């Protein structure tokens, strides 16, 4: 059983089948090694990936499954060789917890692109055991995967930056869309979406938000500072913005029309897919061929950059607009997420609400 698998006892909420239903779950985590760092989970943002996983949208999920990879907390214990963190420090873990550490991806600081990269949850760790997420009391990871929380960065509103944040930030840099004056487009004003707008503006880019929810317009223009708002379903409106974007970050979590998006790209424009629909997308070759445009994909970021991201976010006072919930509210939160009903990001107040849920 999972309660006997490791020495130190653990508690959290897990799904047992593709119904995605979460409920108290008893498990355990490995003992704290020389390079590991142990910390009490204070907060953990709810990412749409946690939803896809528990519902088995990709048919990769193995149960029981404990989601959560936007973890934030307080260090309690650390191994003898730990160097950058002490007990009492505020730290966080993202979507990565390990890799092979020897290929060229790792050496170049891209543990996220290692063929043996280990995901924070629903993956197989170096010891062959199933990895469990941040929807739990405590966490333990190698110092290399431990992010340091700047002192002026709130523990709850900065949590989603660990995944949603690093994920949109990374592509804006790598594809040269973090240049002032440039015109960037963010498809889907959701978790990753609204964070992107914030980094894009922070870089000094004129920003266009492409959404299916006209009731987010005002918030997009007036709170996130987007310079333009487009309802992807209104062709007259879309067509007007034809060839105005140097690049686009697509965070859409479901299959959706790509043609219209290309139509918004200037010549040689770039479409960066970051969202993960359960099914294949429709790509019209002439959309690429006409203009020599490209469609690229990006997944989170390596550990190094993830750190550069939170530091940057803390300097510019960038944070996720969140809604703090109780552990026992997880099921309702998940349906609300599936139904586009969260004003950007749910974050679980694990510290003050997890314990009370044990039978």
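Numbering follows the first chain given and starts at 1.
- Annotation for 318 to 326 versus 28 to 36: the higher mean temperature factor (C-alpha) is found in 28 to 36.
- Checked against the record, the higher mean CA B factor of 75 to 83 and 129 to 137 lies with 75 to 83.
- For the set 185, 260, 115, 157, the PDB entry assigns the largest Cα B-factor to 115.
- Of the candidates 275, 181, 165, 94, the deposited coordinates give 181 the top C-alpha B factor.
- In the deposited entry, the Cα temperature factor of residue 331 places it in the lowest third of its chain's modelled residues.
- Ranked by Cα temperature factor within the chain, residue 10 sits in the highest third according to the deposited record.
- Per-chain ranking of the deposited C-alpha B factor places residue 90 in the highest third.
- Per the PDB record, residue ranking by Cα B-factor puts residue 244 in the middle third of the chain.
- Ranked within its chain, residue 68 lands in the lowest third, by CA B factor from the PDB record.
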